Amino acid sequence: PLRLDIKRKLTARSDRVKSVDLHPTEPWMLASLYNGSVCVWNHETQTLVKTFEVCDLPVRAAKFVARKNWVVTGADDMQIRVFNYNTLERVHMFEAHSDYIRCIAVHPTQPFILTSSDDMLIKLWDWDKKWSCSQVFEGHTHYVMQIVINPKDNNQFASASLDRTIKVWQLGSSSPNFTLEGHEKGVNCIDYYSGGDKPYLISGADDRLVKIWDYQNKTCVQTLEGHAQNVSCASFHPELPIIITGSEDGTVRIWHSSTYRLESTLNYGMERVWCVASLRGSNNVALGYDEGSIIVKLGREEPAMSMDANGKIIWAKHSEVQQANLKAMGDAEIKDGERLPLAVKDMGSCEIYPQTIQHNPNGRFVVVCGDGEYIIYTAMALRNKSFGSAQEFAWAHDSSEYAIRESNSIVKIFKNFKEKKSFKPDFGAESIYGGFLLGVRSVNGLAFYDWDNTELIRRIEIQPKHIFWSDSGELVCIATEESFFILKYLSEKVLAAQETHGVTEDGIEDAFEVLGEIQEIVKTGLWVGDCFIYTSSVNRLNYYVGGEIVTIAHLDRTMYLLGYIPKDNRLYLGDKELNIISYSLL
């Protein structure tokens, strides 16, 4: 569950936008227009900072060459024009094709550009050799709509053609390495997945289909239906685990890149979608339409943040891991529910996209989870400690001890950052839960096993969303999608049966005692002694105490319990915007 929060950053109404590009170091968005102009917008200030008058005909392709302080354009008049974006001077001009130029791809390490055209050719040009033609790629039998360089092998590139094919090429051969067929109508767009884990290509065609290809096996691995007309653009985001597709139906769709689940549909009322651009290390996405261009930020509805016992917060602003400390405030200055002043310091960019951040029980360590991976750091200066791959991670209550889950079947345990054991729960492992005991959710219900030997303690017929153990381990809360249960865990009864042998196929008989059930839906939660504090689905901030439900507050927005600092007698919460609020609790 990605739960993307999409916000508008820039809306630039204009004539038909054919291409968009984002600058790697300046906050700039380039747009090429059907009216022959190329505009540069600052997406922070929202100011039009540059205009180049290229020609009178459409400019279907425009790219930044940041290492050369250039803008490279390709127009319907078959010319490539190079502009210095500092001086605004046209540095060079040359006739590249015999029909409309459709696309430009800039080499990331060598002095080259690739251009594609309606003339059915792809050409390579060397800017260190006076823009001479280094290679002509022949094989397509219709317009070459789009080209893209392999980010993992810069000597390779892929092309999309209206001849219904995709061709994969190498720079020293004028003939294709191979040809991918499967599209029923012409191909408009082509992109590569950036990660090393999957040799994937993405295309979109006039058949209204998005196809996913394995270029090593030379096969179609997935077909995504949904768009009502021609898919004009399709990409894999470089940081986020998503696929972005645009169509002439006027919609932009966001799909999970592993599961292919439809995450969001955006209709900004700008008519047909023509182009998309993303940027490595940025959450900004540029979109081009008939009625102009927009920039959106792909944030999170649910924040990745964790607070330790002393109140030191570790969160993520996109892929940047930061540290936040509350500025000192008196009792006569803290008002319940009010946002609090914080001191924020960068700690470093994370190697994976952070979905969850969790400190271990003592706060000495912090784990970062993101799309099948995890990394553990020393919370002090975020120094790497261990890393690995997992569907789910769970800390133990005995700090510097954890468990990882593989698909829906394998559970592995670790002590002092080294594997100690591995096992397979009897009915599967849909989800794992940390704390005093290791929890496993299957299709059967819930089962608790012991951290020391993976021996079953109890099987309870329940489907939990959350499990929260009290600090002593004498109490547990099992929260479902409908209600929550408070149970007393009787460790003495377990220790006795562990020797004397009431032991069924569901574990120890009188191991747990149901103390109460509450018809409420728990969102976030924590224990303070024998009081279980939680945020409900109806935005209430409550607490359970000896069967009774006490209400602290009804919150303005979705809020997430961070921690409780006993010295301050204060409960802390955060929102999606990483603002920190508090409530006193005696």
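The numbering used is simple: start at 1 and walk along the sequence shown.
Per the record, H501 and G502 are separated by 1 to 3 deposited residues that are missing from the model. Higher average CA B factor: 386-394, of the stretches 386-394 and 237-245. Of the two segments examined, 223-231 and 451-459, it is 451-459 that shows the higher average Cα temperature factor in the deposited entry. In the deposited coordinates, the residue among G292, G204, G445, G269 with the greatest CA B-factor is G445. Ranking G250, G186, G74, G196 by the C-alpha B-factor listed in the PDB entry places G196 at the top. When the CA B factors of the chain's modelled residues are split into thirds, the value for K130 lands in the highest one. Residue-level temperature factors show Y143 in the lowest third of its chain, judged at the C-alpha atom. Remark: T524 belongs to the lowest third of its chain, ranked by C-alpha B-factor as recorded.
In the deposited entry, the Cα temperature factor of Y402 places it in the highest third of its chain's modelled residues.
For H359, the recorded CA B-factor ranks within the lowest third of the chain. Only modelled residues enter the ranking.
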